Amino acid sequence: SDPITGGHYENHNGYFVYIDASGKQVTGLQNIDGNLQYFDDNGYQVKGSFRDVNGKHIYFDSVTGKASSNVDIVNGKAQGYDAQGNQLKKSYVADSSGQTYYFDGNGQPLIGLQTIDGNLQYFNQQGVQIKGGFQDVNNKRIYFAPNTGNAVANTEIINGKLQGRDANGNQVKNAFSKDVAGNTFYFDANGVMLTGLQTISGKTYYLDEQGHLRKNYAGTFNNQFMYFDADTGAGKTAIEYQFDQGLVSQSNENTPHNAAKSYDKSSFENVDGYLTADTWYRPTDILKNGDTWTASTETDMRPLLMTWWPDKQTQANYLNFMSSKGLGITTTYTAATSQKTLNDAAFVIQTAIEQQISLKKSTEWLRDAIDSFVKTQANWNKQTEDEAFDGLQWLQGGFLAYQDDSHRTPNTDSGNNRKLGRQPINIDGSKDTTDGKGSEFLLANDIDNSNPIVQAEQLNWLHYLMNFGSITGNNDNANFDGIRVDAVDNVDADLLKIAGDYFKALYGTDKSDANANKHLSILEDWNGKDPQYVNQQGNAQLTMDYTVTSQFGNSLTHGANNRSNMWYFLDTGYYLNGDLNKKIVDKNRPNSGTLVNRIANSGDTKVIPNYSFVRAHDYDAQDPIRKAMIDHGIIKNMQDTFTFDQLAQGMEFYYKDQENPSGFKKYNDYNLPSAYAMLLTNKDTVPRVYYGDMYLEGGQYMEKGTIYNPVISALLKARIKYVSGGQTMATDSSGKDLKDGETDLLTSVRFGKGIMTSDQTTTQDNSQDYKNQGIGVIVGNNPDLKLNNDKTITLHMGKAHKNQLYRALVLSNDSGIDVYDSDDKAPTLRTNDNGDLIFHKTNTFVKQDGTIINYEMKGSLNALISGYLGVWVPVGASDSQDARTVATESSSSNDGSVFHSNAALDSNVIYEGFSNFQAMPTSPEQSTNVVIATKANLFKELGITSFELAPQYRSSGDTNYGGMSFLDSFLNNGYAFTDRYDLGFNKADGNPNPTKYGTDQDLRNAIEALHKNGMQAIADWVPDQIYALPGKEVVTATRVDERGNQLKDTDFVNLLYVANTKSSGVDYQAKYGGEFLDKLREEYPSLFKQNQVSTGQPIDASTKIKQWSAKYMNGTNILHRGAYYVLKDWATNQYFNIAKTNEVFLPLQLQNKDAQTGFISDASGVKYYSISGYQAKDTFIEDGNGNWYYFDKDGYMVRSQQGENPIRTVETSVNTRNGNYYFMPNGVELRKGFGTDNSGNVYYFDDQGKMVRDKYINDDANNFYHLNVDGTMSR
Amino acid sequence: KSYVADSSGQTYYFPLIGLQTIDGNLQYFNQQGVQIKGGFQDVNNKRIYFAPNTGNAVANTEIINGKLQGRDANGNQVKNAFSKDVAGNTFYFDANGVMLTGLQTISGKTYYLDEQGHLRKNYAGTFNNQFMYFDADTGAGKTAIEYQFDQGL
Ligand SMILES: OC[C@H]1O[C@H](OC[C@H]2O[C@H](OC[C@H]3O[C@H](O)[C@H](O)[C@@H](O)[C@@H]3O)[C@H](O)[C@@H](O)[C@@H]2O)[C@H](O)[C@@H](O)[C@@H]1O
Ligand SMILES: OC[C@H]1O[C@H](OC[C@H]2O[C@H](O)[C@H](O)[C@@H](O)[C@@H]2O)[C@H](O)[C@@H](O)[C@@H]1O
Ligand SMILES: OC[C@H]1O[C@H](O)[C@H](O)[C@@H](O)[C@@H]1O
Ligand SMILES: [Ca+2]
């Protein structure tokens, strides 16, 4: 049956009905939105029953009513059926009750013992499959498994003694047999389970008290050490050495030819002196064509992996890989293979390589082969990087923090800076040990904003933005007026003070409200305690108010059916006991509630100035738009890379869902009109409006308005005319739960300029402006709302509006929301003597001229609303009526603060005028900033006083040096950039090079156009990170989570890593970097003398940043290169280097010296030499068979002696490995198993050999053990 | 393009890593490629349970704090609906996510949940001080007043 959509589900008399988009009730079989369902003749849906349609017998599920497989007893007998209603043949089916039948070729269920798909199974007399139990068949007892139902060995307790049963149902005698859990036992000739130490078939096994065979178990059993095999549990004495590689010399006739020509940067490809897996070098000679050795020329570079390897495992893998590509006899080599054999095989590959170099006359084929091979190895890819996705790691897969390490990586030293997570609440580090430490790491290369030199540079950039027009076009009218601070909680909070004080110094923002409000500035500050901090610091930038944005989510914007009541908007707890009659403010509360109370806001109590919104470029947009693409198979993951075409296709589904006449929204937000009605009438806030609520978020800029555009436009124009004075807010509701009459309908009122209260009848200054001002808003979140016939709903418009005529601006109904542009076209209604507009279930309104209108207070459901919305305004409003307040030039306040929440500030409106998902301009004429210039007018008339423009910085684009790309970058939205000062300049060749939003001229014209129309322009200040830096450096790095704390179980600690941290040095950062600071220090000395809190220091302009590098960074997202891409000798743990001829370290082969490698015994003990020819000291070493050893400071393998404790405490150069290990007599480290000490105490040792303490531990067979704090096992 | 099982019984699918859906069944494989079976694993933002033998995604319940919670096949927590656990018990979870108990009327029909919160099917009882038989199919209360025989004399 063909699918349908857009018809809602209705419940009648306990049953589900489905009513079409046509609006007709549905009968019969129907595919609705990919689900196959049935309705009988009355139109009710069937669940948990079988129906017959066509030739099909189809069951429908008991919960969902969806077509799925079942078994029906048909006449006398069972018959299986599929999802489409076909009788099944030769298949298993599970019925409703979770029971399983197998129906044969004739579709009849099998009974008794059966062998299916090579599995033995049993069926009872009714055809049901036995699972999880014993069963006597053919005079034998067989156990059948819990879920498969397959025959398996098991044990049961007969009398008081355990007995064993095999897979064929025979009892076990003289053999090992398992149980379902996974424990092995041994049973003797008399059938009885054995215990303790037992020798069978010339081998010795250890069975514990429970009779469990113990594998990978070390202990003194015969008063002589004995290790029990991991494979079979058979006791070995652990006396024979298991390493297979004796000390051998590697040098031969090819050594001097393959040795390096030189020990320096000429002959070695490198980064900061160090070497990498894919380094190529210059050998002394070249085996050209595989025939004749000839001296090398400078260009004759060859891969290091042709000649050297870090270990035998890697060498064997290299040989196998290159073999497979036509270069030799294809080989299975292991680390266990002898060193001599591997080296010989490397040379035959070398020969073959030189032959294909002659044949192809190229080496690029080899570059690609080496690159490919290198990524295969775990040490050289992300597998050793501990990719994780929890927290902000979700974005890019994990972070590395750079470290101050002057001995190995001194260019990368931070000069003891790099304070992490100094967010506002942790500006002084006093919460460094808690979750109150800031998540310093977010995206890409995280800039160290705790460094005074970097702080100065951020100020330079800030100055450049605030004077962009003066500097780049000598146009003093093309300058940004204010800023948005991106990612406040992910940077050092000093930047807020730096920005604050700069604006104070240059614009006197702390002098007057007129100065302050000429340079509107906002914060992206998500932490719930940021508002109070920002206010203690004098409100230099406006905090967001998440408390109101949050409540829109809960009560209107999010969720089709279950929403928090409108009651929650009041925050009655603000008052003591919620006494709305008494109104005593609660001086002490448990850190809760909305930022600004609006129940009865007369402007008498000081409140924190703020901006607020319903949506943003980065709130309720990016996730929905992606969920939609995922839902339609366009991408698989949220982090997935997508193309612009992929985005366009997804956008079409998004738009379709947004504008759905059904009224249901899967990705999009509900009740946006109603949300904006509240946002735009609220006192004590600067509202912000999202481009994407006015125009479609994709495609071209301003290409097509949204369905919400008319309503929001009307609200915006009405805000200019009517919105002023005090506020009240109430609900027909007292809490979570609604009494009988209660509607939970919210009533919000504003009184008019100068009227602060319900009962205030006139202004104190006797101005008359108030009479035609004020506004009434009624909103509900219940689309199925029906009033009682008794019920009346009232708007207390106030005693300053007695007997006045009011007319509707906006009214909801069942097909949309009507908008009335002027008094004549709308229904009127008059207030009573007390100033109340009364509403009933049924209303008859009259138009001012003549005509009568009917209107029901009715919840509605359509694309524009799920609930109720009514807005009313006073008739008689002038055409040029303006209820806003101009800002005063006087020093109102001695509080030191910049912004003040008052009628003047409230007169502003910010427009966030871009969407992250805009398409790229198809032509220069449709570039965002060109369009903004032609359309500036339109925003003046909507009352926008400040225009928040997208970040104008040049996108880093598709560039990706390693690790996961982020959407900001590949969607070119401007948040991901390489050059902070390139805002759309031309290529140096003269050609245009626009951003996604147009050229730099387009931007200056756009900014000027906004000033010509009396609007400010906001610059997006993005100090937290920078993307895609083209130059490599070697850093010392630790793997960390978002707060810069080391991951708990990571070996990636203080390792050398190649990062991309260095800027081109020839970009606009190099031209403009630090240039404006000198002029500024001269003119405003105190900015440069004032100490910052987090550092104790003032900003430092003595050093200019023309080129970025790692010393100014805190870290990076993981780049997928590997923990040991920077090459290191395992024996000494020293990294190879060739930077300075005084302190060269290379493998001895490359210096034409003799490299001996292997294990060698002497009278004192065993020693080891690495492939590069160095002795192992104070390091762990792994042999070719996978066994691990520890070599002490003296260079000797640690091994247990007779009668002594095998447990040894290790403290190594490599700190991560510190801990207690268990070394056997032949030096092998015990791993993932229990070990007995000399005194009979048992301990456990983990995957990596370390002792485990103070925890419970589980076993594959479901055995549980407990380890005390001292390490011992109580069990 | 096949599953293989080790000596132990660990299972790979050739190997796929992470969240994948081989033959329409949702499975999770660890970073080393082993198939997750009989446990809750966290992928993305949604917790999912994978079945003991098959390893297929299924609804399950776990105890968070001291309260039972329900998880569906897609890894989303269940609110205002019936959801199963691996054993085969059905529960009902309210708008606040919490399991319901006792006699409950939802969507104009009445169901009986025992103390443990198990939905009882094919269960006869005087529940409202009046007889009520709870359906073998969905557990919905009928009065058992209509004759079910279909053949008149
Ligand atoms: O933030 C403004 C809001 O603050 C209080 O209400 C908070 C919250 O209260 C309801 O839900 C309770 C809520 O508590 C925690 O946040 C849990 O973690 C949530 O799961 C749980 O739902 C209400 O339903 C929410 O919408 C509301 O935000 C004030 O009491 C409110 O008046 C005020 O608007
Ligand atoms: O091929 C797998 C499996 O198919 C059937 O089992 C399916 C199903 O049966 C129950 O519902 C169990 O509780 C689940 O764990 C199972 O996946 C056959 O019965 C079985 O023999 C076969 O192995
Ligand atoms: O059917 C073959 C089966 O092999 C395995 O046991 C896999 O775990 C399972 O997913 C698969 O279906
Ligand atoms: Ca940061």
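Overview of values
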item	result
Residues whose placed amide H lies under 5 Å from that of A:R830, excluding near-sequence neighbours	A:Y806
Of B:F91, B:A124, B:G102, farthest towards positive along the dipole that unit charges on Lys, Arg, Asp, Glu beta carbons give segment B:81-132	B:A124
Interchain or long-range residues, amide H under 5 Å from A:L197's placed H	A:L207
Dipole magnitude of segment A:938-1011 about its Cα centre (Cβ charges: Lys, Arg +1; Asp, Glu -1), debye to nearest 20	20
Spin-label pair A:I239/A:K656, simplified geometry with 7 Å Cα→Cβ offset, distance in nm	7.8
Nearest 10 degrees, 0 to 90: helix A:1000-1012 Cα axis against chain A principal axis	30
Computed magnitude of the charge dipole of chain A (debye, nearest 20; Cβ of K, R +1, Cβ of D, E -1)	980
Helix-derived mean residue ellipticity, 222 nm - over the protein assembly as shown, DSSP H n ≥ 4, -39500 (n - 2.57), to 500	-4000 deg cm²/dmol
Acute angle (nearest 10 degrees) that the helix A:452-466 long axis makes with the longest principal axis of chain A, alpha-carbon atoms	40
Peptide A:57-67, shielding by other chains (average Cβ, 10 Å cutoff)	2
Dipole of segment B:2-142 [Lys/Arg +1, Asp/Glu -1 at C-beta], most positive-end residue of B:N74, B:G38, B:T11	B:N74
Cα gyration tensor shape for segment A:1044-1117, rounded if a/c is under 1.5, else prolate or oblate	oblate
³J(HN,Hα) computed for each position of segment A:923-937 - Karplus, 6.51 cos²θ - 1.76 cosθ + 1.60, integer Hz, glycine/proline x	8, x, 6, 9, 5, 2, 6, 5, 4, 4, 4, 5, 9, 3, 2
Shape category assigned to segment B:2-142 from the gyration tensor of Cα positions, a/c cut at 1.5	prolate
Length released on extending from A:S96 to A:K636, taking residue separation times 0.36 nm less the Cα-Cα span	191.2 nm
Principal axis box of segment B:100-143, alpha-carbon based, largest edge first, Å	23, 22, 19
Percentage relative contact order, chain A, counting C-alpha pairs under 8 Å, at least six apart	12
Rounded tilt (10° steps) of A:644-658 against the dominant C-alpha axis of chain A	50
Size of charge dipole - chain B - debye, nearest 20, with Cβ of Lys, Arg +1 and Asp, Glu -1, no other charges	300
Which of A:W293, A:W308 has the fewest Cβ neighbours within 10 Å, and the rest in rising order	A:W293, A:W308
Cα gyration tensor category, rounded, prolate or oblate, for the protein assembly as shown with a/c compared to 1.5	oblate
Karplus 3J(HN,Hα) series, Hz, for segment A:746-754 with 6.51 cos²θ - 1.76 cosθ + 1.60 (x for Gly, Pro)	8, 10, 10, 10, 10, 8, x, 5, x
Subset of A:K656/A:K940; A:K721/A:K771; A:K504/A:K1111 violating a 20 Å alpha-carbon distance limit	A:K656/A:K940; A:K504/A:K1111
Cβ-based net charge around A:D623, under 13 Å, with every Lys or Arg adding one and every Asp or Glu removing one	-1
Positive-pole candidate from A:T412, A:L459, A:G705, dipole of chain A, charges at beta carbon	A:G705
Low-density loop positions, GluC sites (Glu not before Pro), segment A:938-1043 - DSSP coil, at most 15 other Cβ in 10 Å	A:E941
Cα centroid separation - segment B:91-149 against segment A:825-849, whole Å	49
Part-to-part distance (alpha-carbon centres) for segment A:1199-1260 and segment A:559-635, which is given in Å	56
Table column - 3J(HN,Hα) (Hz), segment A:380-390, Karplus curve with 6.51, -1.76, 1.60, x for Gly and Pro	10, 8, 5, 5, 8, 9, 6, 3, 9, 10, 8
For segment A:365-406 versus segment B:71-90, the gap between their alpha-carbon centres in whole angstrom	38
Distance (nanometres) between label positions extended 7 Å along Cα→Cβ at A:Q649 and B:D6	3.9
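Note that each Cβ is placed from the backbone with ideal geometry, even for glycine, and that neighbours are counted across all protein chains shown. Every read-out reported here was derived from the displayed coordinates using simple, explicitly stated rules and does not represent laboratory data.
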